[PDB]
Amino acid sequence: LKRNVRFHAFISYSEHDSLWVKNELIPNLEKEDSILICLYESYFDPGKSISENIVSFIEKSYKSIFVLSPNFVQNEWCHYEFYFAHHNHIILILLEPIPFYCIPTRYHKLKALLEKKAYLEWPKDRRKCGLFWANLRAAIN
Amino acid sequence: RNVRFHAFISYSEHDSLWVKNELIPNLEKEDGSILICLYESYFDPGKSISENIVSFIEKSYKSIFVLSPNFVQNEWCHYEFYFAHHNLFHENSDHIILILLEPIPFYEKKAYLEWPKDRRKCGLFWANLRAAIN
């Protein structure tokens, strides 16, 4: 049972995937147009440690959405390893395919989620985007 | 050659008392206006965590890492990407200064500045530290 929840959703992403996050994902979440979104750019508090911020992001949010891509894995994931090495609610989107061979060996839980395909794949085919968003809303509620 | 700071200091907040009452004052004691980059003051969430760290390091003449069990257990995971990237496990970099504030039991080999157990060698430690940053 979660404590001091201040946000419906935390969105974790590479700034290189900004345009999708801010032009596609957030507009679709603000379809309860009252929804409170935690984003690093607006709530990282340098008065706390990096890890304490990341813990607050996930634990003060009903859901955490991770926008997975080669950029996220190569540049951002390293700051979440301390969390997920000991923790198992969490929504994974595969925005862009990740070749298994570029994923660092130590990212065990990541590589296993990818293997069993526990994620929502963003379709590059635009007629399939409806199904995507439908699956996302079923996942969050 | 395009630096903004003399020294960036990376440290665990559990070691902040030593940082703010010993480290910083002694660097300031023989250099009143020394320019110091702290994460708490210069973090820019307009940039990524790694991009912030990279900027702290590149913009500082020297980078001082305050190593301790507290640092290793809480902070090292966010800085390893820099060290792993610049191969600083097999090779040295002249702008990085490591301070072993408190021993790390194994449960870089030997190029650090050890904080002395004997209070009488604190003068010497600060002499060594000023040599490293100037």
Side-chain angles (χ1 to χ4, degrees), chain A residues 1-15 17-18 21-22 25-68 72-73 75-95 106-110 112-114 116 118-120 133 135-141, chain B residues 11-17 38-41 43-50 52-53 68-80:
Chain A
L1 183 41
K2 207 149 280 189
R3 296 175 284 227
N4 305 318
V5 165
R6 308 186 170 192
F7 309 106
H8 297 77
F10 159 49
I11 311 169
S12 188
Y13 58 106
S14 171
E15 183 65 15
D17 299 325
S18 256
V21 166
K22 275 160 164 280
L25 181 56
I26 291 171
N28 285 270
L29 296 173
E30 294 165 346
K31 277 172 180 186
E32 314 92 336
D33 72 270
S34 55
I35 299 303
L36 300 170
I37 299 203
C38 175
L39 258 19
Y40 158 99
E41 66 176 15
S42 37
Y43 295 101
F44 194 96
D45 181 353
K48 312 170 186 170
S49 77
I50 291 164
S51 302
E52 278 157 13
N53 276 285
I54 287 167
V55 168
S56 300
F57 297 161
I58 301 159
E59 287 184 354
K60 288 185 166 64
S61 293
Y62 186 59
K63 265 128 195 306
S64 289
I65 298 158
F66 289 86
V67 184
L68 303 187
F72 187 78
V73 175
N75 302 136
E76 302 311 316
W77 185 270
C78 59
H79 307 296
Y80 294 91
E81 174 169 7
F82 84 93
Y83 192 73
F84 293 120
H86 299 117
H87 295 279
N88 278 345
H89 286 37
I90 301 285
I91 299 175
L92 280 14
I93 298 184
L94 189 72
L95 182 60
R106 68 208 264 138
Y107 303 162
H108 298 295
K109 294 205 186 166
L110 184 52
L113 301 166
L114 290 174
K116 96 182 170 176
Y119 56 65
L120 306 170
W133 297 119
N135 291 329
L136 181 66
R137 48 86 169 261
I140 50 223
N141 263 30
Chain B
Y11 64 100
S12 168
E13 209 56 29
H14 292 306
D15 291 329
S16 53
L17 280 210
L38 295 186
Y39 152 89
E40 67 183 9
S41 283
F43 204 92
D44 174 358
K47 304 175 187 174
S48 69
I49 295 162
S50 297
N52 274 110
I53 288 158
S68 74
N70 294 301
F71 190 85
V72 161
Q73 104 175 44
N74 299 301
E75 300 310 307
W76 193 59
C77 57
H78 299 301
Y79 286 88
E80 181 193 43

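Quick note on labels: first sequence line is chain A, next is B, and so on, each numbered from 1. Hydrogens, waters and symmetry mates are skipped; everything else that's a heavy atom, side chains included, is used.
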Q) Does the side chain of A/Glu81 reach to within under 4.5 Å of the side chain of A/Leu110, using non-hydrogen atoms? A) no

(Q) Let me confirm one number: the CG-CD distance from A/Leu36 to A/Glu30, rounded to the nearest 0.5 Å. (A) 10.0 Å

**Q.** Spacing of A/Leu113 atom CG and A/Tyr107 atom OH [to the nearest 0.5 Å]
**A.** 14.0 Å

Q) Closest approach of B/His78 and A/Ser51, non-hydrogen atoms and distance? A) NE2-OG, 2.8 Å

Q. Between A/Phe57 and A/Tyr83, does the ring centroid distance fall short of 6.0 Å?
A. no

Q) Which distance, rounded to the nearest 0.5 Å, do you find between the CD1 of A/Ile11 and the NZ of A/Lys63? A) 13.5 Å

Q. Which value, rounded to the nearest 0.5 Å, describes the distance between A/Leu29 atom CG and A/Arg137 atom CZ?
A. 12.5 Å

Q. Say you draw a straight line from OH of A/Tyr119 to CG of A/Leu114; how long is it, rounded to the nearest 0.5 Å?
A. 7.0 Å

Q.
Assess the residue pair A/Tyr40 and A/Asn53 against the criterion (side-chain contact (heavy atoms from CB on, under 4.5 Å)); give the C-alpha distance rounded to whole Å, side-chain angles, the decisive distance to 0.1 Å, and a yes or no.
A. CA-CA 8 Å; A/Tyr40 158 99; A/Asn53 276 285; over 6 Å; no

Q. Crowded around A/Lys116 NZ? As in, over 12 foreign heavy atoms under 6.0 Å?
A. no

Q: Please tell me if the side chains of A/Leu25 and A/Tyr13 come closer than 4.5 Å, counting only heavy atoms from C-beta onward.
A: no

Q. For A/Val21 and A/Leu95, what are the C-alpha separation, side-chain angles and deciding distance, and is it a side-chain contact (heavy atoms from CB on, under 4.5 Å)?
A. CA-CA 10 Å; A/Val21 166; A/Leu95 182 60; 5.8 Å; no

Q) When you look at NZ of A/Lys22, are more than 12 heavy atoms from neighbouring residues, nucleotides or ligands closer to it than 6.0 Å? A) no

Q | Plane angle bin for A/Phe44 and B/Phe43 - parallel if under 30°, tilted between 30 and 60°, otherwise perpendicular | A | parallel

Q. Of all heavy-atom pairs between A/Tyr80 and A/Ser12, which one has the smallest distance, and what is that distance?
A. OH-OG, 2.6 Å

Q | Any A/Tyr62 side-chain heavy atom under 4.5 Å of A/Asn141 side chain | A | no

Name each donor-acceptor pair under 3.5 Å that joins a side chain in residues 69-76 of chain B to protein atoms two or more places apart or in another chain, with its distance.
| residue | atom | partner | partner atom | Å |
| --- | --- | --- | --- | --- |
| B/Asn70 | ND2 | B/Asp15 | OD1 | 3.4 |
| B/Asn74 | ND2 | B/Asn70 | O | 3.1 |

Q) CZ of A/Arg6 to OG of A/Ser56: how many Å apart, nearest 0.5 Å? A) 8.5 Å

(Q) Walk me through whether A/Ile26 and A/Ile37 qualify under side-chain contact (heavy atoms from CB on, under 4.5 Å). (A) CA-CA 8 Å; A/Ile26 291 171; A/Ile37 299 203; 4.1 Å; yes

Q. Is A/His8 atom NE2 crowded by more than 12 heavy atoms from other residues, nucleotides or ligands, each under 6.0 Å away?
A. yes

Q.
Between A/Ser61 and A/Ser64 (side chain of the first, backbone of the second, donor and acceptor by atom type, cut-off under 3.5 Å), is there such a pair?
A. no

